[PDB]
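# A look at the structure
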Amino acid sequence: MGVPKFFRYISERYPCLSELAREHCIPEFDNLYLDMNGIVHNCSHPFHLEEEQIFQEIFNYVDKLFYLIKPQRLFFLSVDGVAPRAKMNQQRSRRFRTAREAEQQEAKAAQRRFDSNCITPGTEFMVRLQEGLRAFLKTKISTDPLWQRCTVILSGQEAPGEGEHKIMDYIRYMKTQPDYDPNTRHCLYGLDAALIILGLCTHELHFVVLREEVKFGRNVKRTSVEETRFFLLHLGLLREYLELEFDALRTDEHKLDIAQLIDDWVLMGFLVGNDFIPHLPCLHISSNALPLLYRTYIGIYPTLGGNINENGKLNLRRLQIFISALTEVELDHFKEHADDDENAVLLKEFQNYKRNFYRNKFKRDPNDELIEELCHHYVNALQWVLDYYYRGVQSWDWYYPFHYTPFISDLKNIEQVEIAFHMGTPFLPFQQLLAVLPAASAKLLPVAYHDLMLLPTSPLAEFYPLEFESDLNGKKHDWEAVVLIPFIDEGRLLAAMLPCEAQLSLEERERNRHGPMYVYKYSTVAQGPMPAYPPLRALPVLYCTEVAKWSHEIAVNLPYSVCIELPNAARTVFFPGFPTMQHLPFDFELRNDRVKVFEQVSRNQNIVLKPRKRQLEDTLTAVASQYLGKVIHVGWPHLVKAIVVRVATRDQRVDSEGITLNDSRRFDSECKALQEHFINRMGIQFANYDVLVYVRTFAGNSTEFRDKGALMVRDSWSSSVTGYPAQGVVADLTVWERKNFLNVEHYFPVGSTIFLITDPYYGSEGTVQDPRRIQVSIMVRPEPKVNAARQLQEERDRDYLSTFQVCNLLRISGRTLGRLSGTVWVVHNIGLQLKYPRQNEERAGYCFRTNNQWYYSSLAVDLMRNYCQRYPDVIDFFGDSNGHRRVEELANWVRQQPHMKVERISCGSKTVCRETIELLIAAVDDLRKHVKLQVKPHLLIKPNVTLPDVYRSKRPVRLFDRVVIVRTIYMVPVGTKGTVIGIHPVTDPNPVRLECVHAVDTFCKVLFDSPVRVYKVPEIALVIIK
DNA sequence: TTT
Ligand SMILES: [Mg+2]
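Residues numbered from 1 in each chain as written, not as in the entry; some residues may be left out. Chains lettered and ligands numbered in written order. Heavy atoms only, no water. Residues with missing side-chain atoms left out of burial classes, pairs and counts.

Per the deposited record, the coordinates in this entry were obtained by X-ray crystallography to a resolution of 3.20 Å.

Here it is in structure tokens:
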């Protein structure tokens, strides 16, 4: 996996659409919508933890997400509540699955614990979680200054409806409001198809979808918070890429109605497969589904009155036409996997396949009555889903009452289909629980119905099969497998609940009501005390307010869908976070250039964008004339502000200082580089690279200080200079950006912290006293002697052999050293796991790589010798190679030893041994003078304001360097001082930003003397003490 | 809940 198949697909068909970015590349947002069931799953059962632990970790998760994304206006976190029957059927399927998969995996314990099905609403678990969560919001917002300008909304298991859909509802409600901002930048947590489709159908302009790369789980690889990156999808581009795909639907010289088109595309996306209906065998993404629905639609389009999905409502005639068209696809799928006048033969065999299918797999006779009710229920289904999205739930009771899908060929007279579902109401937690849980998890229910789950007398015993069969329509994985069970009739079920209900325990009786969502807002006025809750410590005073809002204060009742295209919004202007391909006249074509967006090269086609040859003559003097020294926007459509510092040609090149000659070789090389990037990753094709432009990316606003006189404010550019083809330069666009300081004193208030950049105490803590130069008091502190520790390390660094040397000492082939020292999978792992060549990793002091050659330390060698001594035949195998019990034996022998306990790290990073760490720690132990001075303003770091380019060291950071923290860094408060014990580079795997492509950021495993002991920290938040 |  790594990422959903849908995400993967549309992400490769439109290369510019998605990226893997780090904390700082994520665009600014007003609203973050966080969906919790995923998280709760990650934290509860990835081995043992108690509730306290779990909650603590969930809380953490949230904290780090909010910390990294910094939603400026709203933070809506939404836990799945009691959902409509349509979903509940599937929820139930997944429960039964997990229960049985659970028993099966516990069976390995027979060969030789936290029930997860409690992640559903109504369970004592989820309730306790709800509590702890409100408590958490209250603490965080009440204490943390960063959660105080935000508005926060929680929607718990209390409030009914899928998290993702409660989010949706709040969004539509939002659009409804009068003085609502059409430009609000929405960020939604998640990558699966449903959330893409969802955000895409809100018809919101600045909407991003994102999820972290690695669950926070790989913390056994020591990753700083700031090091974590996100996969993100830009809906704004998705739109433009569809506008590109259906260009053939244009009949005149003018844009198609994108609202109209998006709607229909939402429809296709729903056809590919959704939760609330069985999937059509003939439509899987890997199976080229989207392209097929595209072809079908395009080729059918001139015939429909207009849209199949009009503003969330279906056009049964047009629908009909479409499905009719899909018949081809379906029949072709049949013709393909059949074996696992010709046509006529095909059709007879296919009709026979139908009959036999209805009979065998549908357990129903093929009466035309059957086709009838199948068509009925299917069309009903579709409309139901569209309502779910465009207008909110329109039926809590309704559900597709079959386990399989109709035959497209057998869908005629759709138009005659009557659609009528009724709202009804969401089930009470216990009802839904009994509807969803399998016999296995009876415990999660109150005692009152345990009997109902497990006593074969039970009226509902049918719905609780000890054994349930599973059909897999050519779907490979057990999870894709259909789960053949009954469908609960609400009647009989509530009938079999009547007696028990009264007898429920008091607290059980109380926890069985639906509930509201809560709105937290930081208050200056003290709101009183809060009790503690495992694991949140108690609070003497709250500084926030919690306020109940019910499901119906968010309700929008109208004939049309508010999921319309707000016209107040500005799509002419550029917003920094959000790319558009609009500002450049370009042609386009769908080609087969094998673009590389993820790990490996795409196997299918993509859309190549081709900017039209610009009007500016492609000469040096001409390009310079226009753009030299000017402020432009490069990268496209992922635009950035930048200033042109040089223009170059294979022959010559212009600086502010005049024209000179240029290295042809180096130029042609740069050009190759650019070409490769754009085509292979960006699916972009410029006319030519005859003339390059070299820019500096905008790097923050800078405040200059003018003598004793005044405060100046200017633009700040970058350190590094990157090259961009002159053909992709876009100039003079207007942008929507957006609190200046006033007095010098306003900048430097009394008692605020100041850091020194002047030689006498480069890196000294300080405090401003009087803005007159500036009056300041510096707190001088001693610095530990590290020469000793350095010395220790140098000798250890000496302890290293070469791959060959090591081959000789162990008397083994080079190959066998290769397999032995890496990871070798047997089917289970049996490699000492010291090096990870493909990954580009190395294990601590054991392995290390320099001249593209490997070197192993002594611990490594004694280890490898050990392995050899003990397990010879295995080695013999490694050497001569290109009851299942011995494996487990050595797999464990290996997993046990301590090199596993030692951190693995990326190659090119310098580390240190625990002994040296000991010496250092001892020195700091051993170590345990305010000086007033007048200091020019530009040599003072204001902790969270000053741009890091003013304090970046002219020399790369080194080990044992003495560092102090300026910029705030998650756990570590500013001011904390320490010494470097690690230096770790980091490069983006596949940057879509040409500027980032080979940029390496530096993190430092730092030993702060104070406990707060050790943390990786970006070089940006550091000064070195001179 | 995801794959
Ligand atoms: Mg969901």
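Still to come is the rest of the account.
### Description of the overall build of chain A
Cut-off, in case you're wondering: The secondary structure listing takes helices from DSSP runs of H or I that are at least 4 residues long and strands from runs of E that are at least 2 residues long, numbered from the N terminus. This radius of gyration counts C-alpha atoms alone. The globule rule is 2.2 Å times how many residues there are, raised to the power 0.38.
A count of helical and extended segments in chain A gives 28 helices and 38 strands. The C-alpha radius of gyration computed for chain A amounts to 32 Å, which stays within 12% of the reference 31 Å derived for 1026 residues, consistent with globular compactness. Projected onto its principal axes, the C-alpha coordinates of chain A cover approximately 90 × 75 × 70 Å.

### A closer look at the pattern of salt bridges
The condition is simple: Each salt bridge in this description consists of a side-chain nitrogen of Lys or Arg and a carboxyl oxygen of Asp or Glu lying within 4 Å of one another. Buried residues are those whose accessible area, probed at 1.4 Å on protein chains only, stays under 20% of the maximum for their type, while exposed residues exceed 50% and partly exposed ones sit between those limits.
One pass over the full model with this rule turns up 39 salt bridges. Across the pair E227 and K1016 runs a salt bridge whose closest N-O atoms are separated by 3.0 Å. Take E227: its relative accessible area is 13%, and that puts it in the buried class. Taking the relative accessible area as the measure of exposure, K1016 reaches 17% and is therefore buried. Among the ionic pairs, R250 bridges to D247, the shortest N-O distance being 2.7 Å. Exposure remark for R250: the relative accessible area of 34% places this residue in the partly exposed category.

### A short note on the protein's contact with DNA strand B
Where we set the bar: By convention in these notes, a residue is near a molecule or strand provided one of its non-hydrogen atoms lies within 4 Å of it. We define a polar contact as two N or O atoms separated by no more than 3.5 Å, with the added condition that, inside protein, one atom must be a possible hydrogen donor and the other a possible acceptor, whereas residues neighbouring each other in sequence contribute only through side-chain atom pairs. Residue polarity follows a fixed list, in which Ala, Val, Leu, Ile, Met, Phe, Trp, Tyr, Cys and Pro are nonpolar, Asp, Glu, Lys and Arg are charged, and the others, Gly among them, are polar.
Near DNA strand B lie 13 residues; those nearest to it are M1, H41, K87, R94 and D192. Within 4 Å of the protein, atoms of DNA strand B come from sugar and phosphate in 39% of cases. At a separation of 2.6 Å, a phosphate oxygen of DNA strand B approaches a polar side-chain atom of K87. In this structure, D192 approaches DNA strand B through a side-chain N or O atom, which is 3.1 Å from a phosphate oxygen. Elements with a contribution of two residues or more to the surface near DNA strand B: α2 (36-44) and α4 (85-111). Take the surface near DNA strand B: its biggest share by element is 4 residues, from α4. Looking at the surface near DNA strand B residue by residue, the class counts come to 3 nonpolar, 5 polar and 5 charged.

### Some thoughts on the packing of aromatic side chains
Operational definition: Two rings belonging to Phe, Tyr or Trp (six-membered ring only in the last case) form a pair when the distance between their centres is within 6.5 Å. Interplanar angles under 30 degrees mark stacking, angles over 60 mark edge-to-face geometry, and anything in between is tilted.
Counting across every chain of the model gives 69 aromatic pairs. Between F136 and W147, the aromatic rings sit 5.9 Å apart at their centres with planes inclined by 85°, giving edge-to-face as the arrangement. In this pair, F136 is assigned in helix α5 (residues 124-143) and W147 in the loop between α5 and β4 (151-155), connecting sequence segments 11 residues apart. For the residue pair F136 and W147, the accessibility class agrees, reading buried in each case. A ring pair is formed by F350 and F407, whose centres lie 6.0 Å apart and whose planes are at 75°; its orientation type is edge-to-face. Highlighted residues: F350 in helix α12 (residues 342-362) and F407 in the loop between α13 (368-390) and α14 (429-436), separated in sequence by 57 residues. For the pair formed by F350 and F407, the shared burial category is buried.

### Some details on the sheet that holds strand β28 (residues 847-849)
Stated formally: Strand pairing is assigned whenever DSSP identifies at least 2 bridges connecting the two strands.
Within the open sheet, the 3 strands sit side by side as β25-β29-β28. Their pairing is antiparallel. This sheet does not close on itself; its edge strands, each paired only once, are β25 (801-802) and β28. As defined by bridge partners, β28 adjoins strand β29 (residues 854-856) across 3 bridges and the pair is classed as antiparallel. Bridge pairing in β29 places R849 opposite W854.

### Some words on the packing of helix α1 (residues 5-13) against helix α7 (residues 193-201)
This is how the line gets drawn: The axes used here are C-alpha line fits, helices contributing only the stretch in contact, and every angle between their N-to-C directions lies in the interval 0 to 180 degrees. Roughly parallel here means an angle under 35 degrees, roughly antiparallel means over 145, roughly perpendicular means 65 to 115, and every remaining angle is called oblique. Contacts are assigned to residue pairs with any non-hydrogen atoms lying within 4.5 Å of each other.
Running from amino to carboxyl end, α1 crosses α7 at an angle of 55°, the nearest separation of the two axes being 8 Å. By the angle between their axes, α1 is oblique relative to α7. Two secondary-structure elements touch here, α1 through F6, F7 and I10 and α7 through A193, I196 and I197. For the contact of α1 with α7, a count of residues per class yields 6 nonpolar, no polar and no charged.

### Describing the sheet that holds strand β23 (residues 765-771)
Read from one edge to the other, the open sheet built from 5 strands follows the order β31-β24-β23-β22-β32, with strand pairing classed as antiparallel. Looking at which strands have only one partner, the edges of the open sheet turn out to be β31 (931-935) and β32 (940-941). Taken together, the 5 bridges between β23 and strand β24 (residues 774-778) define a ladder with antiparallel strand orientation. Bridge assignment links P771 to a residue of β24, and that residue is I774.

### A short note on empty space enclosed by the protein
Heads up, the condition is: Method remark: on a 1 Å grid restricted to protein atoms, a set of points is classed as a cavity if a 1.4 Å probe fits but cannot get out and as a pocket if it is open with protein on both sides within 12 Å along at least five of seven lines; lining residues have an atom within 4 Å of a point. Grid points are joined across faces, edges and corners, and a volume is the space filled by probe spheres set on the points.
If you add up the space inside the largest cavity, you get close to 110 Å³. If you go around the largest cavity, you meet 15 residues; those closest to its centre are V634, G635, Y724, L994 and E995. Mapped by element, the contributors of at least two residues to the lining of the largest cavity are α20 (664-682) and β21 (722-725). Looking at the lining of the largest cavity residue by residue, the class counts come to 8 nonpolar, 5 polar and 2 charged.

### So, the state of the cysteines
Let me state the cut-off plainly: Two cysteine sulfur atoms make up a disulfide if the distance between them is within 2.5 Å.
Tallied over the entire structure, the rule returns 0 disulfides. Here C563 stays unpaired: no disulfide links it, and the sulfur of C201, its closest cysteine neighbor, is 4.6 Å away. You can call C563 buried: its relative accessible area is 4%.

### Topic: the environment of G975
Within the secondary structure, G975 sits in the loop between β33 (962-965) and β34 (977-980). Separated by 16 residues in sequence, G975 and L959 place their C-alpha atoms 20 Å apart.

### So, unusual backbone geometry
With an omega dihedral of 0°, the bond running from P534 to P535 counts as a cis peptide bond. Structurally, the position occupied by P535 is in the loop between β10 (517-522) and β11 (544-549). The linkage connecting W636 with the following residue, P637, adopts the cis geometry, with an omega of 5°. By secondary structure assignment, the location of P637 is in the loop between β14 (631-634) and β15 (640-649). Even without being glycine, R222 reaches a positive phi, approximately 50°. With respect to the helices and strands, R222 occurs in the loop between β6 (207-212) and β7 (229-234). On the basis of relative accessible area, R222 is assigned to the partly exposed category, the value being 37%. In this model, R811 sits at a positive phi of 50°, which is unusual for a non-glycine residue. Checked against the element boundaries, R811 lands in the loop between α23 (803-809) and α24 (814-821).

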